[PDB]
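In: Output the structure for:
(one chain, ligands or ions: 2)
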Amino acid sequence: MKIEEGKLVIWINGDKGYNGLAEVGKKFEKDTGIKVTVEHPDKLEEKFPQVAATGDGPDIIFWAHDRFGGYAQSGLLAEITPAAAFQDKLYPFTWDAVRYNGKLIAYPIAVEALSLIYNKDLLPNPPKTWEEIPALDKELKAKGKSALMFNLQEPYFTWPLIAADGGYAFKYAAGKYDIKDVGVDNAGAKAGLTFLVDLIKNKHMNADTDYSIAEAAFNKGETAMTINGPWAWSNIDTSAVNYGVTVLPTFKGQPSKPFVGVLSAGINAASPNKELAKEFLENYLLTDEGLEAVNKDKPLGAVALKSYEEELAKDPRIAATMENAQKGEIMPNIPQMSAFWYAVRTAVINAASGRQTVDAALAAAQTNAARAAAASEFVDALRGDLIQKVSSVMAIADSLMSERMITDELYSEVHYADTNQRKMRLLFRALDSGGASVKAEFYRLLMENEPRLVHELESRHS
Ligand SMILES: OC[C@H]1O[C@H](O[C@H]2[C@H](O)[C@@H](O)[C@@H](O[C@H]3[C@H](O)[C@@H](O)[C@@H](O[C@H]4[C@H](O)[C@@H](O)[C@@H](O)O[C@@H]4CO)O[C@@H]3CO)O[C@@H]2CO)[C@H](O)[C@@H](O)[C@@H]1O
Ligand code: NA
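Out: Numbers count the residues shown, from 1 in each chain. Ligands and ions are numbered 1, 2, ... in the order given. Below, you will see the structure:
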């Protein structure tokens with residue numbers, strides 16, 4: 001069988017408390033005889049759909065909830081249905097984060113928000129505004145230090161500044177996220193990214209600073225500030241830096257607005273171990289003792305479990321995390337989120353490097369995100385019709401193979417399949433493997449090959 005019955009394989013990111021989770025797994029094993037194996041592969045959030053779309057992969061997948069609507073829409077997750085007594089154990093807003101089209105699609109674990117982390121010996125009174133950072137850096141440079149270093153390679157870390165004065169992913173309106181209303185190139189987003197690029201041009205930051213560079217400099221006492229989440233606090237404790245965790249700086253008087261993630265655990269739709277996965281998550285992990293084991297390894301942030309949060313709430317670092325979360329926004333969980341993030345990543349890296357201007361970079365991200373969002377929604381909405389009607393499927397598959405958006409394995413199956421509908425049934429496995437971006441590219445190719453079909457179906461859709 002594809003997935004092994006009688007054990008649990010769990011994937012979780014290498015920045016989280018995976019040794020603590022493995023300890024919870026050992027407790028489950030001693031009680032049930034069911035072995036629990038915890039793995040942290042690189043790029044797991046991309047690998048998960050690549051294996052789950054073919055019926056393989058881990059039994060349980062951990063990531064922030066923004067990835068989960070895409071997984072659910074791609075047929076990869078089991079519906080979660082806790083009894084009321086269990087549901088009442090977690091904060092209402094955490095269940096909201098894992099609700100997609102009426103159904104719960106994961107168990108929420110903990111609430112993560114970025115904060116400003118500062119060295120209290122170098123900087124007893126951290127800046128309340130982004131605007132005062134250049135003068136602060138000039139001052140620190142005279143003492144052989146710098147003001148601020150944080151990861152500039154992942155848009156998650158720059159988003160709070162881009163959002164502060166008006167950037168947004170998708171507008172919430174009429175009781176839903178409007179995928180036709182993207183806020184990546186408005187004046188607010190441009191102002192925040194321009195502020196960031198100006199820090200780099202003026203040598204207050206370097207475009208190539210990444211996670212490990214910023215962590216190393218802060219934990220060695222070389223830079224006075226960094227921006228990070230709760231999972232980073234463990235290494236800072238070891239480093240002996242006298243650090244504080246506080247509200248992010250304002251920009252143009254507005255709070256920085258971090259995108260808030262809820263670390264969530266989904267169950268693979270293909271798993272033959274769903275009932276014991278539910279027991280593990282509800283009755284071993286989501287207990288005071290379970291979260292304590294994980295949290296002691298790497299801090300989780302503010303946990304979804306109300307009883308355990310009582311233990312954590314008086315920690316000033318957790319209070320700061322929640323202050324920043326309340327000033328930010330919970331991420332959408334919609335499938336289009338991955339396309340938004342890929343677009344914004346490119347924009348920030350290109351603008352920071354000088355490859356593109358801020359205006360050009362964000363204009364391109366806006367166009368690409370909007371186009372992918374609409375195209376992927378179409379593809380998911382009209383799945384049954386596309387499988388029945390698309391005639392150019394082998395040409396589309398050939399094109400996807402060239403741009404490395406489909407595996408040799410799945411391409412092979414499409415190649416050997418007989419008729420168009422059968423090729424399409426198989427090709428949709430590759431679309432479900434590659435998420436919103438591959439679905440968007442499928443749409444673009446289809447519009448090139450069969451414009452009459454696309455226009456006919458779009459009439460029905462709208
Ligand atoms: O090829 C470029 C890179 O592509 C891959 O990264 C993608 C992810 O696949 C996307 O999911 C998205 O990432 C988001 C992420 O979904 C979101 O939750 C948030 O991630 C935080 C996380 O919540 C927090 O717990 C902690 O782990 O830090 C994360 C930030 O590093 O923000 C992400 C966006 O920054 O977008 C990225 C690309 O930006 C792939 O993994 C990369 O290796 C690859 O280079
Ligand atoms: Na010290």
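In: List of residues touching stretch 397-409?
Out: Residues outside stretch 397-409 that contact it (CB atoms under 8 Å, 6 or more residues apart in numbering): 50, 54, 411, 414-415, 423, 427, 430, 433-434, 437-438, 441-442, 445. For every residue, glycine as well, the C-beta is placed using N, CA and C.
In: Can you tell me which of these comes closest to ligand 1?
Out: residue 437 (9.6 Å; CB to the nearest ligand atom).
In: Can you verify my assumption that the closest one contacts residue 338?
Out: Yes. Assessed by CB atoms under 8 Å, residue 437 is found in contact with residue 338 at 6.5 Å.
In: Against residue 226, how distant is the closest residue to residue 208 other than its chain neighbours?
Out: Spatial nearest neighbour of residue 208, excluding adjacent residues (CB to CB, 6 or more residues apart in numbering): residue 152 at 7.6 Å. Using CB to CB, to the nearest Å, residue 152 is found at 12 Å from residue 226.
In: And the residue of the stretch 1-150 of the chain that's closest to ligand 1?
Out: Nearest residue of the stretch 1-150 of the chain to ligand 1 (CB to the nearest ligand atom) works out as residue 64 at 3.4 Å.
In: could you say which helix or strand contains the nearest residue to that residue once chain neighbours are set aside?
Out: Closest residue to residue 64 apart from its sequence neighbours, by CB to CB, 6+ apart: residue 261 at 3.3 Å. Per DSSP states H and E, residue 261 falls inside strand 259-267.
In: The helix or strand following that strand - contacts with which helices or strands?
Out: Counting by DSSP H and E, the next helix or strand C-terminal to strand 259-267 is helix 274-280. Of the remaining helices and strands, those touching helix 274-280 by 3 or more CB pairs under 8 Å, 6 or more residues apart in numbering; DSSP states H and E are strand 7-11, helix 18-32, strand 259-267.
In: Extract the C-alpha set from the shortest one and format it as PDB.
Out: This means strand 7-11. Extracted C-alpha coordinates of strand 7-11, given in PDB (Å, rounded to 0.1, in the frame of the first residue of the first chain):
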ATOM      1  CA  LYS A   7       2.100   3.900  12.100                       C
ATOM      2  CA  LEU A   8       2.200   7.700  11.700                       C
ATOM      3  CA  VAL A   9       4.600   9.700   9.700                       C
ATOM      4  CA  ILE A  10       4.600  13.400  10.500                       C
ATOM      5  CA  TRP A  11       6.200  16.300   8.500                       C
END
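In: if you look at that strand, does any of it touch ligand 1?
Out: No. Using CB under 6 Å from any ligand atom, strand 7-11 stays clear of ligand 1, with a minimum separation of 13.0 Å.
In: List the buried residues in the top helix by length along the chain.
Out: The residue-count maximum for a helix in the chain (DSSP state H) belongs to helix 420-449. Buried positions in helix 420-449, judged by neighbour count with 16 or more other CB atoms under 10 Å: 420, 423-443, 445-446.
In: Distance from the chain centre to stretch 382-390, please.
Out: Distance, stretch centre to chain centre, for stretch 382-390: 30 Å (CA atoms, centre = their mean, to the nearest Å).
In: Need the residues that contact it.
Out: With contact meaning CB under 8 Å, 6+ apart, stretch 382-390 is reached by 379, 396, 420-421, 424-425, 428, 446, 450, 453, 457, 460-461.
In: what would the residues you listed look like in CSV with distance to ligand 1?
Out: Shown next, in CSV, are those (distance: CB to the nearest ligand atom, whole Å):
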residue, distance to ligand 1
379, 19
396, 23
420, 32
421, 31
424, 26
425, 26
428, 21
446, 24
450, 30
453, 31
457, 29
460, 31
461, 26
